[PDB]
Every structure is written in C-alpha cells, then in structure tokens.
Amino acid sequence: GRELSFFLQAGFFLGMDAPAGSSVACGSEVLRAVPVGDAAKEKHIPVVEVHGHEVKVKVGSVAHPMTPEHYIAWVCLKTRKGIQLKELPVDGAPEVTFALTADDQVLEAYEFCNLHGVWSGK
Amino acid sequence: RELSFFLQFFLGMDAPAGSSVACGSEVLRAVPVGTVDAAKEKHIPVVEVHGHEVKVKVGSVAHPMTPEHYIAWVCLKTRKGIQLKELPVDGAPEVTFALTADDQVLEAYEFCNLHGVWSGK
Ligand SMILES: [Fe+3]
Ligand SMILES: [Fe+3]
Ligand SMILES: [Fe+3]
Ligand SMILES: [Mg+2]
C-alpha cells in the first residue's frame, strides 16, 4: 500500500510502511502516528488539481486559515513513483504545487493543520 | 530542515540527535551519511539539472543494480521541499525528479543496501 504515517513533535518524521503501533522517541516525547481526520472536512480535506505534470493541492474546497495561530504547515503528496513534501509559507495561501515526471502519477495528498492535525484527499 | 534517515523507511526533518524509532519490534537510529568505507565514485550521487527536471545518477560510475547489491532510493532536498523515489532493482542506478519553476535543487542523498547513505550536490 506504501502507507504513509506522520509523527510530529518543531519538525517531524515521515514513515513509509511503518508497522502498526510504531513510535518515535525524540526528547522525552514518545510520538505516535497521528490519525487522519464531517464539520472540519470543508476547511481541511486537500483538493487535488492536476494539469499535465503539475499537481496543485488546495486546503479548502474553500480556503483554510493561514495565520500565525492557525495555519496549514505542509502538504505531502504520495505518487506512484515516490513522495514529496513541501512546507507552506504561513503568510501565503493554503495551497502548493508539486511537479511530476512524465512517468509518474498522483495517488494521494495529505495536509497538516497545526491545530487540527493531518487530513487526506485525492 | 536537516534530513535524517531511519532505515528498517522513516525520514526525519529536524530530528533531535539521539532520536529513535520503534518500527514495530525493530529500533532504528539515524544512519551516518557518507561514513561507510566504500567507493565514493560509485556512491556519491551526481546531480544534473535540465530545465525543471533533476536527474540523479549513482554515482560518477554506475553502481550495481542487482538483487544482492542495489541503490534502494534517492532523496532530493530542494529549496521548497523534499522528494524521495525508490529505484526499481532491475533498472539503472538513476532517477529523475521534477521541480516547480520557483524551486531549485540543493542536495541529493542515496541509500545503498550494503554501503549506507551518501550525499552529494
Ligand atoms: Fe485547522
Ligand atoms: Fe540549479
Ligand atoms: Fe554499494
Ligand atoms: Mg525557476
């Protein structure tokens, strides 16, 4: 399934095919895989829009807040050939674009909100 | 961020020194980068940019790609983000990434199943 997990402290860890119940000891936090997240769906599920070899991800079917207290931190893209992750500038829009090689195709997008956690969309 | 690799993969972004991962019943610590006694000419990734594509070759001379001895993946750090692609074991020791026009490559990393992680620019 090439299953993605996320462990968040201040930085974070991305796991690929982490076994169930895996954890990261980092300081004395023990970090566990965060869950993926109805009423929060509108502002948090990533919308994926492909054109050619570019994939725009928008957080918001309508736009999520991008303020210092409440923001989208990053978006991760899983594709057939690999993974990508880009952090979002806190004072920009809740969107980011990734580029793919011609042989690659998108599978799933994931976004982290600093207050509401991780959400996935296709 | 500073990147670290915990290999059963897990990728760390600003992971504290001394982090460990309980990966099921395995424990993983960050692998040293460029500290295996092995040939640099076959392990240090070579990075070539062609427009919005970045081709990474492992290495200056092509590394084996056999079931026993192979490049498992290449990770790319760019100004705007990170990428990781696994390499098919029956292909060539190279892979290409695509960047948005606002992005630029910074550094590449590759893992050889026998010879660890190596970086290069
Ligand atoms: Fe939120
Ligand atoms: Fe360049
Ligand atoms: Fe090797
Ligand atoms: Mg440019």
# chains A, B, ... in the order shown; residues from 1 in each chain; ligands from 1
>>> residues_near_ligand(ligand="ligand 1", cutoff="7 Å", atoms="only C-alpha atoms and all ligand atoms", output="ChimeraX atom specification")
/A:44,64,70-72,113-116
>>> residues_near_ligand(ligand="ligand 4", cutoff="6 Å", atoms="only C-alpha atoms and all ligand atoms", output="PDB file with N, CA, C and O atoms, in the first residue's frame")
ATOM      1  N   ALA B 101       8.630  25.801 -11.084  1.00  0.00           N
ATOM      2  CA  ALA B 101       9.572  26.789 -11.546  1.00  0.00           C
ATOM      3  C   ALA B 101      10.223  27.675 -10.499  1.00  0.00           C
ATOM      4  O   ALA B 101      11.316  28.241 -10.703  1.00  0.00           O
ATOM      5  N   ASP B 102       9.575  27.760  -9.341  1.00  0.00           N
ATOM      6  CA  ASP B 102      10.041  28.536  -8.170  1.00  0.00           C
ATOM      7  C   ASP B 102      11.047  27.777  -7.304  1.00  0.00           C
ATOM      8  O   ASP B 102      11.611  28.342  -6.414  1.00  0.00           O
ATOM      9  N   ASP B 103      11.284  26.528  -7.645  1.00  0.00           N
ATOM     10  CA  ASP B 103      12.153  25.675  -6.860  1.00  0.00           C
ATOM     11  C   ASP B 103      13.547  25.529  -7.470  1.00  0.00           C
ATOM     12  O   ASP B 103      13.794  25.922  -8.649  1.00  0.00           O
TER      13      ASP B 103
END
>>> residues_near_ligand(ligand="ligand 3", cutoff="10 Å", atoms="only C-alpha atoms and all ligand atoms", output="list in words")
residues 36, 38, 39, 40, 42, 43, 58, 59, 63, 64, 65, 68, 69, 70, 71, 72, 110, 111, 112, 113, 114, 115, 116, 117 and 118 of chain B
>>> write_last_selection(atoms="N, CA and C atoms", output="mmCIF file, in the first residue's frame")
data_model
loop_
_atom_site.group_PDB
_atom_site.id
_atom_site.type_symbol
_atom_site.label_atom_id
_atom_site.label_comp_id
_atom_site.auth_asym_id
_atom_site.auth_seq_id
_atom_site.Cartn_x
_atom_site.Cartn_y
_atom_site.Cartn_z
ATOM 1 N N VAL B 36 30.658 5.168 5.367
ATOM 2 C CA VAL B 36 30.918 3.740 5.217
ATOM 3 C C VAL B 36 32.159 3.646 4.375
ATOM 4 N N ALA B 38 33.545 2.639 1.645
ATOM 5 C CA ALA B 38 33.113 2.152 0.325
ATOM 6 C C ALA B 38 33.513 3.190 -0.722
ATOM 7 N N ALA B 39 33.497 2.805 -1.993
ATOM 8 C CA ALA B 39 33.982 3.655 -3.090
ATOM 9 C C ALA B 39 33.078 4.861 -3.300
ATOM 10 N N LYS B 40 33.650 6.043 -3.144
ATOM 11 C CA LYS B 40 32.919 7.288 -3.366
ATOM 12 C C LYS B 40 32.445 7.461 -4.803
ATOM 13 N N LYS B 42 31.304 5.306 -6.805
ATOM 14 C CA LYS B 42 30.124 4.550 -7.075
ATOM 15 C C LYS B 42 28.977 4.945 -6.167
ATOM 16 N N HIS B 43 29.220 5.756 -5.122
ATOM 17 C CA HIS B 43 28.173 6.001 -4.109
ATOM 18 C C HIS B 43 27.716 7.462 -4.019
ATOM 19 N N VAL B 58 23.823 7.503 -9.604
ATOM 20 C CA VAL B 58 24.621 6.945 -8.543
ATOM 21 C C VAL B 58 25.627 5.947 -9.139
ATOM 22 N N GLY B 59 26.923 6.256 -9.174
ATOM 23 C CA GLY B 59 27.476 7.562 -8.905
ATOM 24 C C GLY B 59 28.161 8.119 -10.136
ATOM 25 N N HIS B 63 26.662 2.451 -10.209
ATOM 26 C CA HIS B 63 26.638 1.460 -9.151
ATOM 27 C C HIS B 63 25.866 0.231 -9.581
ATOM 28 N N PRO B 64 26.222 -0.937 -9.085
ATOM 29 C CA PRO B 64 25.393 -2.131 -9.330
ATOM 30 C C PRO B 64 23.929 -1.957 -9.000
ATOM 31 N N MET B 65 23.119 -2.615 -9.803
ATOM 32 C CA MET B 65 21.712 -2.803 -9.531
ATOM 33 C C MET B 65 21.374 -4.274 -9.733
ATOM 34 N N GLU B 68 21.294 -8.529 -4.850
ATOM 35 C CA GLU B 68 22.124 -8.525 -3.649
ATOM 36 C C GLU B 68 22.739 -7.145 -3.296
ATOM 37 N N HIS B 69 22.823 -6.245 -4.288
ATOM 38 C CA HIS B 69 23.602 -5.025 -4.106
ATOM 39 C C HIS B 69 23.012 -3.973 -5.043
ATOM 40 N N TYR B 70 22.333 -3.010 -4.454
ATOM 41 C CA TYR B 70 21.496 -2.081 -5.193
ATOM 42 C C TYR B 70 21.337 -0.735 -4.472
ATOM 43 N N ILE B 71 21.055 0.298 -5.265
ATOM 44 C CA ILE B 71 20.556 1.583 -4.756
ATOM 45 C C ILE B 71 19.029 1.439 -4.588
ATOM 46 N N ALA B 72 18.593 1.520 -3.345
ATOM 47 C CA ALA B 72 17.205 1.384 -2.968
ATOM 48 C C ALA B 72 16.362 2.628 -3.254
ATOM 49 N N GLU B 110 21.448 9.157 -1.371
ATOM 50 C CA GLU B 110 21.067 7.848 -1.911
ATOM 51 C C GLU B 110 21.424 6.816 -0.847
ATOM 52 N N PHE B 111 20.646 5.724 -0.805
ATOM 53 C CA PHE B 111 20.930 4.588 0.093
ATOM 54 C C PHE B 111 21.280 3.373 -0.762
ATOM 55 N N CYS B 112 22.463 2.838 -0.542
ATOM 56 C CA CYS B 112 22.870 1.513 -0.999
ATOM 57 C C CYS B 112 22.593 0.491 0.140
ATOM 58 N N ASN B 113 21.935 -0.617 -0.203
ATOM 59 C CA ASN B 113 21.559 -1.627 0.792
ATOM 60 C C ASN B 113 22.726 -2.147 1.586
ATOM 61 N N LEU B 114 23.931 -2.099 1.034
ATOM 62 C CA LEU B 114 25.131 -2.564 1.716
ATOM 63 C C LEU B 114 26.020 -1.454 2.276
ATOM 64 N N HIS B 115 26.034 -0.316 1.603
ATOM 65 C CA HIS B 115 27.018 0.742 1.855
ATOM 66 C C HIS B 115 26.473 2.035 2.425
ATOM 67 N N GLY B 116 25.222 2.005 2.862
ATOM 68 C CA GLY B 116 24.638 3.109 3.606
ATOM 69 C C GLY B 116 24.192 4.303 2.751
ATOM 70 N N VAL B 117 24.035 5.427 3.453
ATOM 71 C CA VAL B 117 23.575 6.656 2.852
ATOM 72 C C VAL B 117 24.751 7.573 2.488
ATOM 73 N N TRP B 118 24.640 8.187 1.322
ATOM 74 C CA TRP B 118 25.632 9.100 0.820
ATOM 75 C C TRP B 118 24.968 10.342 0.286
#
>>> interface_residues(of="chain A", to="chain B", cutoff="7 Å", atoms="only C-alpha atoms", output="MDAnalysis selection string")
chainID A and resid 11:16 18:26 81:87 98:101
>>> write_last_selection(atoms="C-alpha atoms", output="PDB file, in the first residue's frame")
ATOM      1  CA  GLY A  11       9.980  19.074  12.990  1.00  0.00           C
ATOM      2  CA  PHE A  12       8.625  15.616  12.435  1.00  0.00           C
ATOM      3  CA  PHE A  13       9.027  12.199  10.928  1.00  0.00           C
ATOM      4  CA  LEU A  14       7.519  10.573   7.873  1.00  0.00           C
ATOM      5  CA  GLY A  15       7.186   6.787   7.986  1.00  0.00           C
ATOM      6  CA  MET A  16       6.830   4.571   4.932  1.00  0.00           C
ATOM      7  CA  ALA A  18       5.616   1.710   9.445  1.00  0.00           C
ATOM      8  CA  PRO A  19       4.256  -1.312  11.292  1.00  0.00           C
ATOM      9  CA  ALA A  20       1.066  -0.653  13.375  1.00  0.00           C
ATOM     10  CA  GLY A  21       1.822   0.922  16.727  1.00  0.00           C
ATOM     11  CA  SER A  22       5.295   2.205  15.682  1.00  0.00           C
ATOM     12  CA  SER A  23       6.616   5.184  17.628  1.00  0.00           C
ATOM     13  CA  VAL A  24       9.494   7.688  17.793  1.00  0.00           C
ATOM     14  CA  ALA A  25      11.265   8.641  20.969  1.00  0.00           C
ATOM     15  CA  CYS A  26      12.512  12.170  20.492  1.00  0.00           C
ATOM     16  CA  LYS A  81       6.962   6.682  -8.139  1.00  0.00           C
ATOM     17  CA  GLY A  82       7.580   8.472  -4.871  1.00  0.00           C
ATOM     18  CA  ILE A  83       6.683  11.032  -2.211  1.00  0.00           C
ATOM     19  CA  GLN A  84       7.059  14.796  -1.860  1.00  0.00           C
ATOM     20  CA  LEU A  85       6.604  17.217   0.960  1.00  0.00           C
ATOM     21  CA  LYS A  86       6.550  20.993   0.914  1.00  0.00           C
ATOM     22  CA  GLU A  87       6.064  23.324   3.831  1.00  0.00           C
ATOM     23  CA  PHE A  98       4.236  19.842  -6.950  1.00  0.00           C
ATOM     24  CA  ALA A  99       5.812  18.711 -10.228  1.00  0.00           C
ATOM     25  CA  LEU A 100       5.879  15.121 -11.546  1.00  0.00           C
ATOM     26  CA  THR A 101       7.964  13.377 -14.143  1.00  0.00           C
TER      27      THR A 101
END
>>> atom_distance(atom1="CA of residue 112 in chain A", atom2="CA of residue 74 in chain A")
5.7 Å
>>> select_by_dssp(residues="chain A", states="strand (DSSP E)", output="number ranges by chain")
A: 4-8, 12-16, 23-25, 30-32, 46-51, 54-59, 72-79, 82-87, 95-99, 106-113, 117-121
>>> write_last_selection(atoms="C-alpha atoms", output="tab-separated table (two decimals), in the first residue's frame")
chain	number	residue	atom	x	y	z
A	4	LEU	CA	2.40	6.93	4.94
A	5	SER	CA	2.48	7.74	8.64
A	6	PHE	CA	3.33	11.00	10.36
A	7	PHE	CA	4.92	11.56	13.74
A	8	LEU	CA	5.04	15.19	14.95
A	12	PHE	CA	8.62	15.62	12.44
A	13	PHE	CA	9.03	12.20	10.93
A	14	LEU	CA	7.52	10.57	7.87
A	15	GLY	CA	7.19	6.79	7.99
A	16	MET	CA	6.83	4.57	4.93
A	23	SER	CA	6.62	5.18	17.63
A	24	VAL	CA	9.49	7.69	17.79
A	25	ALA	CA	11.26	8.64	20.97
A	30	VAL	CA	7.16	9.49	22.58
A	31	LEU	CA	5.50	10.33	19.26
A	32	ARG	CA	2.78	8.04	17.88
A	46	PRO	CA	-6.93	18.57	0.39
A	47	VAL	CA	-8.31	19.18	-3.09
A	48	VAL	CA	-6.05	17.89	-5.87
A	49	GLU	CA	-5.99	19.53	-9.33
A	50	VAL	CA	-3.75	18.06	-12.00
A	51	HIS	CA	-2.64	19.71	-15.12
A	54	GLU	CA	1.90	19.60	-12.16
A	55	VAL	CA	-0.37	18.89	-9.20
A	56	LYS	CA	-1.83	21.78	-7.24
A	57	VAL	CA	-3.07	20.98	-3.78
A	58	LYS	CA	-5.59	23.36	-2.13
A	59	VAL	CA	-6.62	23.12	1.54
A	72	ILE	CA	-1.54	24.72	7.22
A	73	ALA	CA	2.06	23.71	7.90
A	74	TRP	CA	2.79	21.41	4.99
A	75	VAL	CA	1.32	19.22	2.26
A	76	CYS	CA	2.68	15.76	1.40
A	77	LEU	CA	1.99	14.05	-1.94
A	78	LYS	CA	2.23	10.37	-2.48
A	79	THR	CA	2.66	9.42	-6.15
A	82	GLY	CA	7.58	8.47	-4.87
A	83	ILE	CA	6.68	11.03	-2.21
A	84	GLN	CA	7.06	14.80	-1.86
A	85	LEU	CA	6.60	17.22	0.96
A	86	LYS	CA	6.55	20.99	0.91
A	87	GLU	CA	6.06	23.32	3.83
A	95	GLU	CA	-2.08	25.89	-1.48
A	96	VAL	CA	1.08	24.48	-3.05
A	97	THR	CA	2.05	22.87	-6.30
A	98	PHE	CA	4.24	19.84	-6.95
A	99	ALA	CA	5.81	18.71	-10.23
A	106	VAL	CA	-0.52	11.17	-8.26
A	107	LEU	CA	-2.09	8.84	-5.63
A	108	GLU	CA	-2.95	10.86	-2.51
A	109	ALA	CA	-2.41	14.18	-0.79
A	110	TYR	CA	-2.02	14.85	2.96
A	111	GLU	CA	-2.05	18.23	4.80
A	112	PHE	CA	-1.19	19.10	8.39
A	113	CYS	CA	-3.01	21.85	10.29
A	117	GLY	CA	-3.84	17.59	12.62
A	118	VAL	CA	-3.48	15.58	9.40
A	119	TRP	CA	-6.10	15.17	6.65
A	120	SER	CA	-6.03	13.22	3.38
A	121	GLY	CA	-7.60	13.75	-0.05
>>> residues_near_ligand(ligand="ligand 2", cutoff="8 Å", atoms="only C-alpha atoms and all ligand atoms", output="ChimeraX atom specification")
/B:49,104-106
>>> atom_distance(atom1="CA of residue 103 in chain A", atom2="CA of residue 107 in chain B")
22.6 Å
>>> atom_distance(atom1="CA of residue 1 in chain A", atom2="CA of residue 119 in chain B")
28.1 Å
>>> select_by_dssp(residues="range 40-113 of chain A", states="alpha helix (DSSP H)", output="JSON, numbers by chain")
{"A": [41, 42, 43, 44]}
